[PDB]
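Examining the three-dimensional arrangement
Here's the letter readout for the chains.
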Amino acid sequence: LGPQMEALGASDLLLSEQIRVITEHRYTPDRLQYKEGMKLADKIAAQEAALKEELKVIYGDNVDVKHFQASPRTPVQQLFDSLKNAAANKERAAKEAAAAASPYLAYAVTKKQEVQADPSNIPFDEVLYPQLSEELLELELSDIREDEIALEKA
Amino acid sequence: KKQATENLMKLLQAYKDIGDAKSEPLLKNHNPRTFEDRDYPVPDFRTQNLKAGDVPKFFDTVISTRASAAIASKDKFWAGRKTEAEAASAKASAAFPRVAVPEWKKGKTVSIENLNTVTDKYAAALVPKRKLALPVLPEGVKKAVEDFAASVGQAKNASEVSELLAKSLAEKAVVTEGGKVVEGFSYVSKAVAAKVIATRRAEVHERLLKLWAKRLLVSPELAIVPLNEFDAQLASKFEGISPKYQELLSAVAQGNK
Amino acid sequence: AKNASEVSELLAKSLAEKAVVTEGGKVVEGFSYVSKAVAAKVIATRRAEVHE
Amino acid sequence: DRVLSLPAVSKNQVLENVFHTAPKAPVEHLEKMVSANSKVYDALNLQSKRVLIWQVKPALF
């Protein structure tokens with residue numbers, strides 16, 4: 001089994017990295033499944049980059065995506081982290097408005113930050129499109145179900 | 001270009017109206033796996049004459065043809081669905097709001113106040129139509145509680161008390177749409193979904209381990225051939241199997257002595 | 001508002017669970033006490049141990 | 001032939017169909033309109049550093 005000794009989400013490596021080593025262990029580079037698995041890992045890496053860039057404003061550059069990927073932050077946790085840096089963000093917005101080239105630009109940055117300061121204005125797709133978020137969940141479980149069906153038949 | 005843009009927006013609305021009229025799931029028609037026929041006659045490779053390296057190429061061929069057919073089936077549905085939507089959009093009237101732009105007159109001069117009110121409409125669009133009523137503890141309420149806690153001498157932990165109050169209030173946060181509370185709204189957070197996936201993966205993963213354990217306990221010699229190299233040994237006839245591991249497996253099967 | 005009353009009940013309980021002891025109006029530091037309910041619970045389990 | 005019992009559509013193919021295009025950020029629409037509107041303020045506001053009022057209307061003397 002080699003790399004498969006641990007579950008797809010219980011490794012210290014990133015999800016895109018674990019998929020790569022699993023594909024290399026399950027199939028040879030010439031197989032069709034190998035190409036599809038490598039392309040899949042690249043898509044996961046693209047999602048990881050987008051996931052990082054949305055949180056780098058709170059935790060800095062060293063977001064530790066693997067921690068957030070394995071255990072996403074609860075909305076309650078996201079609220080308390082929004083308030084943790086709320087003071088530093090308000091002061092940073094003030095110096096950004098002072099560094100604005102015109103009064104209109106200062107009004108825009110202050111109005112923009114005012115919306116982003118409200119934790120209720122944080123967009124949650126699970127609230128805006130609940131039927132979509134549940135489908136995204138069962139999308140993963142359906143892929144897992146396919147593997148279970150193969151094991152159950154064996 | 002404005003006419004085409006309006007026609008596009010009209011088509012987007014038509015797609016929404018027809019999809020909502022069918023009440024069909026959002027990803028059902030976007031997931032190509034819903035178009036795949038799993039009850040396919042599945043041609044038996046034991047009939048087609050294939051050599052050692054031919055079986056994996058044959059399987060990849062069958063998969064490619066099945067995958068291509070499902071892709072073509074989704075395109076066939078999307079072609080019919082697009083035709084249905086284009087007709088419905090043609091026989092429809094578009095009534096959409098105009099872009100919020102600063103008020104400008106040939107002889108006049110725009111003022112900062114108008115520019116700011118237009119910017120306010122942009123910030124109003126950033127506000128989601130539906131949002132969580134996450135309670136932010138006001139300073140007036142925060143200190144009022146801390147003062148009462150210190151009055152009963154619990155000043156040593158008055159701050160910690162305010163943390164429990166905030167958490168307990170957030171755990172029961174309600175959802176609001178258009179500023180009014182939406183009754184009977186249920187949601188699953190990303191953390192819960194990821195937790196379900198994590199446990200669901202562990203269930204199948206340990207099931208996979210249990211599967212192989214039975215094989216290796218009875219026949220440990222299977223470990224001498226790597227899983228990725230197994231397919232390169234198959235053939236249509238048993239006598240056609242590559243002998244690269246045939247003799248080795250027979251010897252290891254006799255045991256350590 | 002649907003549960004605002006229930007919230008006040010959790011606040012009161014959480015505050016009482018950490019109630020402090022005062023003597024002469026001033027908080028007594030380092031004061032430990034065992035309530036009658038805890039003592040009775042210990043006796044109940046202690047009796048069940050010997051009884052079984 | 002257990003491989004033939006699996007779904008032929010790969011997970012990569014599913015993701016490229018559901019996520020065919022990277023979605024634009026909601027705030028980028030504001031930032032782009034604001035950056036353009038900044039030039040409008042620069043064009044027509046008697047208080048800006050650069051103003052066209054002296055370019056269009058030269059002088060009254």
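Residues numbered from 1 in each chain as written, not as in the entry; some residues may be left out. Chains lettered and ligands numbered in written order. Part of a larger assembly, values for the part shown. Heavy atoms only, no water.

Observations regarding the packing of aromatic side chains
What counts, and what does not: Aromatic contacts are taken between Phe, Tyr and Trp rings whose centres are within 6.5 Å, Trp giving its six-membered ring; a plane angle under 30 degrees counts as stacked, one over 60 as edge-to-face, and the others as tilted. To sort residues, take the accessible area from a 1.4 Å probe on protein chains only and compare it with the maximum for the residue type: under 20% means buried, over 50% means exposed, and anything in between is partly exposed. Should the NZ of a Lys or the CZ of an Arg lie within 6 Å of a ring centre and within 35 degrees of the ring normal, that charge is described as sitting over the ring.
Per the stated rule, a full pass over the model turns up six aromatic pairs over all chains. An angle of 50° between the planes, with centres 5.7 Å apart, marks the rings of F58 of chain B and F59 of chain B as tilted. Accessibility expressed as a relative area gives 14% for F58 of chain B, which makes it buried. The positively charged end of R73 of chain A is found above the aromatic ring belonging to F68 of chain A, 5.4 Å away from the centroid.

With respect to unusual backbone geometry
Keep in mind that most residues, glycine aside, have a negative phi and that most peptide bonds are trans. Defined as follows: Strands here mean DSSP runs of E at least two residues long; helices mean DSSP runs of H or I at least four residues long; both are numbered from the N terminus.
Phi is positive for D64 of chain A, which is not a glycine, with a value near 60°. Among the secondary structure elements, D64 of chain A is positioned in the loop between α2 (32-59) and α3 (65-70). In the Ramachandran plot, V42 of chain B falls in the positive-phi region, its phi being about 40° despite a non-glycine side chain. Turning to its location among the elements, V42 of chain B is positioned in the loop between α1 (2-22) and α2 (54-90). A residue is classified by how much of its surface remains accessible, and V42 of chain B, at 42% relative accessible area, is partly exposed.

Here we look at the arrangement of the chains
Note the following rule: In what follows, residue pairs with any heavy atoms lying within 4.5 Å of each other are defined as contacts.
With four pairs of chains in contact overall, the contact-richest pair is chains A and B. At their nearest point, the C-alpha atoms of chain C and chain D are still 32 Å apart, with no contact between the two.

Considering the pattern of salt bridges
All names here are of chain A. Going by this rule: When a carboxyl oxygen of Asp or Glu is within 4 Å of a side-chain nitrogen of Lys or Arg, the pair counts as a salt bridge.
One pass over the full model with this rule turns up 34 salt bridges over all chains. Between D42 and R20 there is a salt bridge, with its nearest N and O atoms 3.3 Å apart. Of this pair, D42 sits in helix α2 while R20 sits in helix α1 (residues 15-26), placing them 22 residues apart in sequence. In this structure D42 comes out as partly exposed when scored by relative accessible area, which is 46%. With a closest N to O distance of 3.2 Å, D81 and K84 form a salt bridge. With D81 and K84 both in helix α4 (residues 75-84) and three residues apart, the pair spans about one turn of that helix. Overall, the relative accessible area of 7% leaves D81 in the buried class. For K84, a relative accessible area of 53% translates into the label exposed.

Digging into the interface of chain D and chain B
Note the following rule: Once two parts are brought into contact, the accessible area they lose, counted with a 1.4 Å probe and summed over both, makes up the buried area. We define a polar contact as two N or O atoms separated by no more than 3.5 Å, with the added condition that, inside protein, one atom must be a possible hydrogen donor and the other a possible acceptor, whereas residues neighbouring each other in sequence contribute only through side-chain atom pairs. As a working rule, the residues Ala, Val, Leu, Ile, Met, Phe, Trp, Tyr, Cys and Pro are called nonpolar, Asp, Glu, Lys and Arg charged, and the rest polar, with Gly in that last group.
Counting residues at the interface gives 22 residues for chain D and 26 residues for chain B. Summing both partners gives a buried area of about 2,400 Å² for chain D against chain B, and 71% of it is carried by carbon and sulfur. On inspection of chain D and its partner chain B, the count reaches one salt bridge. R46 of chain B is paired through a salt bridge with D1 of chain D; the nearest N and O atoms lie 3.1 Å apart. Inspection of the region where chain D meets chain B yields seven residue pairs in polar contact. Contributions of two or more residues to the side of chain D that touches chain B are made by α1 (11-18) and α2 (26-43) of chain D. Sort the elements by how many residues they give to the side of chain D that touches chain B and α2 of chain D lands first, with six residues. Class assignment of the residues belonging to the side of chain D that touches chain B gives a composition of 14 nonpolar, six polar and two charged.

Fair warning: the whole summary comes from geometry, so function is off the table for now.
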